[PDB]
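**Q** Pasting a structure here, questions to come.
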Amino acid sequence: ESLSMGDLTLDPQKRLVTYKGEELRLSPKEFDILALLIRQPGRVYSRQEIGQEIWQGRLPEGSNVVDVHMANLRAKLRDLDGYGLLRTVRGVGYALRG
Amino acid sequence: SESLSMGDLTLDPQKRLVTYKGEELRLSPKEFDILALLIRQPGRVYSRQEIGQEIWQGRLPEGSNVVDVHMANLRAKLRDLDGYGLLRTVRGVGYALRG
């Protein structure tokens, strides 16, 4: 079935997401990103988490792939009056080397 | 043969055993879990939020220092075994969706 969060309703099987009943015309990766973020609303997904979940980590160092898709996603949200829904949050991470 | 090896670090998820340069680390359960998460992909930066999600069930109150304290302990224990620069803390960017 569809999952609703605020005025967003997302149906992964139909590849259909609406904001206040109007279809968000997302690219496939934009849709995949939004379907990830809606699963735990307010959870901050880091760039590399989104890169891992949505691209299997197959993004080269120094690419802007995640950010450019996030920026396009937010624009599409704002176009349907979905202001303040997608946030960019600076944060902290940890990595193991060997 | 269930264990993971990254450089001089070997982590066995079944035995919950970690050695560095052959010597067993004495770790708290969540310190072991941190290493078992981070070793899954050497160099992958795991955010504090996903460490919270993966290891604290997503229920770390804002202002808790427990991740910080465990990271400091991990660094100290690696340094004790001649392990420097293994655990990196780096700032980054994330995205969150609210309704």
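The chains in the structure tokens are called A, B, ... from first to last as shown; in each chain the residues are counted from 1, and the ligands are counted from 1 in the order shown.
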Taking only C-alpha atoms into account, which residues of chain A are within 7 Å of chain B, as a PyMOL selection string?
**A** chain A and resi 5-7+37-38+41-48+85-98
**Q** Please identify all polymer residues within 7 Å of stretch 64-73 of chain A, counting only C-alpha atoms, omitting same-chain residues fewer than 4 positions from it, and present them as a PyMOL selection string.
**A** chain A and resi 30+47+51+77
**Q** I need the alpha helix (DSSP H) residues of stretch 25-67 of chain A per DSSP on the backbone, written as a compact mmCIF listing (two decimals) with C-alpha atoms, in the first residue's frame.
**A**
# COMPACT_ATOMS: atom_id res chain seq x y z
CA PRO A 28 13.96 7.49 -10.55
CA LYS A 29 16.91 8.21 -8.25
CA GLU A 30 15.09 11.18 -6.73
CA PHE A 31 12.17 8.86 -6.02
CA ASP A 32 14.51 6.26 -4.51
CA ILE A 33 16.03 8.93 -2.27
CA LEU A 34 12.65 10.17 -1.07
CA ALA A 35 11.45 6.60 -0.48
CA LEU A 36 14.49 6.07 1.74
CA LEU A 37 14.10 9.27 3.73
CA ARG A 47 25.78 11.63 1.97
CA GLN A 48 27.59 8.32 2.10
CA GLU A 49 24.54 6.56 3.53
CA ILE A 50 22.46 7.80 0.60
CA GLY A 51 25.29 6.88 -1.75
CA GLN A 52 25.37 3.40 -0.25
CA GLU A 53 21.64 2.76 -0.20
CA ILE A 54 20.78 4.33 -3.56
CA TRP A 55 23.96 3.80 -5.60
CA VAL A 65 25.90 13.15 -7.18
CA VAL A 66 24.05 12.99 -3.88
CA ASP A 67 23.94 16.76 -3.35
**Q** Please provide as a list in words all residues within 12 Å of residue B:15, with the sequence filter that same-chain residues fewer than 3 positions apart are discarded (counting only C-alpha atoms).
**A**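 Once the nearby chain positions are removed, what remains is residues 1, 2, 3, 4, 10, 11, 12, 18, 19, 24, 32 and 36 of chain B.
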**Q** Hey, can you spit out that residue selection with C-alpha atoms as a JSON list (two decimals), in the first residue's frame?
**A**
[["chain", "number", "residue", "atom", "x", "y", "z"],
["B", 1, "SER", "CA", 36.78, -18.17, 8.48],
["B", 2, "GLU", "CA", 33.79, -16.13, 9.60],
["B", 3, "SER", "CA", 36.11, -13.32, 10.69],
["B", 4, "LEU", "CA", 36.82, -10.07, 8.87],
["B", 10, "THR", "CA", 40.60, -8.99, 12.70],
["B", 11, "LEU", "CA", 37.02, -9.07, 13.90],
["B", 12, "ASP", "CA", 34.94, -12.22, 14.34],
["B", 18, "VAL", "CA", 38.68, -8.55, 17.87],
["B", 19, "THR", "CA", 42.44, -8.64, 17.66],
["B", 24, "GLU", "CA", 42.72, -9.32, 21.76],
["B", 32, "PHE", "CA", 32.83, -4.09, 19.66],
["B", 36, "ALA", "CA", 31.92, -4.48, 13.61]]
**Q** Need to verify the contact set: residue A:76, 8 Å, only C-alpha atoms, exclusion of same-chain residues closer than 2 positions in sequence. Can you return it as a PyMOL selection string?
**A** chain A and resi 24-26+72-74+78-80
**Q** For the atom pair atom CA of residue B:78 and atom CA of residue B:16, what is the interatomic distance in Å to one decimal place?
**A**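 If I compute the distance from atom CA of residue B:78 to atom CA of residue B:16, I get 16.8 Å.
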**Q** In Å to one decimal, how far is atom CA of residue B:67 from atom CA of residue B:52?
**A**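 A separation of 8.1 Å between them.
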**Q** Could you please write out, as a PyMOL selection string, every residue of chain A that DSSP assigns to strand (DSSP E or B)?
**A** chain A and resi 3-5+8-11+16-19+22-23+45-46+86-96
